[PDB]
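Next up is one chain by itself, shown in structure tokens, the form deposited in one PDB entry.
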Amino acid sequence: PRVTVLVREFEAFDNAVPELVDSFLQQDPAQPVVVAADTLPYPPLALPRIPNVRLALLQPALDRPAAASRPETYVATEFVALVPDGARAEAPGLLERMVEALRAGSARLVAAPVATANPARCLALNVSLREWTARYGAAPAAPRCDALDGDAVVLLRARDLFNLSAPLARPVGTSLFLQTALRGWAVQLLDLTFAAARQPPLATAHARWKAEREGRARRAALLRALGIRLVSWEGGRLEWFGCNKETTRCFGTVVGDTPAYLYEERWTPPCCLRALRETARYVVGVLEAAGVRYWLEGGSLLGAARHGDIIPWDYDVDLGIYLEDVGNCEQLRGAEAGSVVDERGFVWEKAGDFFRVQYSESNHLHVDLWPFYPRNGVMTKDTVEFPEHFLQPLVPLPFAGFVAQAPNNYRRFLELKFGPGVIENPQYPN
């Protein structure tokens, strides 16, 4: 029952890794221990320079072979225990007990909380790569859970850990369970408890603040690298890791009416959908303030009728307007002379049948406004047409968080425009 201790989560400027390592060596002087890091920690860790204790440096180097940064190559045992900074081994044979639990149970990971101020708690977790989203909540079947929040020793087989795509990406507590929950693995939070370091790290408030800030930065870089734009929690809290008003949109220019996320087998990033909703809400309120007649058009009306929202692989919003009302709103008249950035940062342009409103100068998610005019009972443009009774009157229809205006009898309208059954038969990307 040989288990390698692997230490990955610590701060070079303030850690208790020498105590952690010394505590395991007091129980077994030949205990295999691997401390992993991206660069050589400074100030020096000053680990014991004995063969069973090794520092694994994970970044590339001009003077090292490929194997030197592959952590599986430092681990020879069947099992591996991930130990966070702040833990120490006090009683003996605790790794042995965790191994027995793993072999007895049905969960590929077992875990023991560390008696810190934040000992690990069970969590439910779903990961939807298609929607770039990870959803956390309370774990119904605890102590069997999908993920942990807080400090714990996690033990699993080395062949399971190191066949993951990113086994030691930081923060481990986020990165590991995103990968294992996606594979359908469970973690059993055992009743065993590891003691805290007798001299804990981050004792001052300044040190904790510094560490929390570095940790938030690592978590944000991790989620961006792995395609998680949104972390949501049971109870409503949202964590965003995508585009915003001062960045570019996530996918950039489209070619052939197929954005890049479709070729990645994903749908629209949720931050982009959020920016579209708020631009739809903004434009609609501007149009209504100026007394401009508008209705939902094209795919936006289709999504409104289907689920009251933007079709989740769509990437813009379409509204129709009465051409004779264009003069009623200041931004449109401005848009005819040139680009107009208004007081809220939105960008209105004509560019030349329609108008386009972009979320911001940098973020080019947009709403298109298509002007129609009644020529003789049918609405028509000049660069397909439809009867004007569909606009007399217009009906309320929930869309993108607010109440939009839609053609009356819009299901009939939508089957006119797209064919029979379009609401019930979405054209899923493949």
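Numbers follow the displayed sequence, beginning with 1. Only the largest set of C-alpha atoms that superpose within 1.5 Å between the two forms is called the rigid core.
A second form of this protein, the form deposited in another entry, is not displayed here; the remarks below concern that form.
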Is there a C-alpha shift of 2 Å or more at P393 between this form and the one not shown once the rigid core is superposed? yes
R375 C-alpha moves between this form and the one not shown by 2 Å or more, core aligned: yes
Answer yes if the CA of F24 moves 2 Å or more between this form and the one not shown after aligning the rigid core, and no otherwise. no
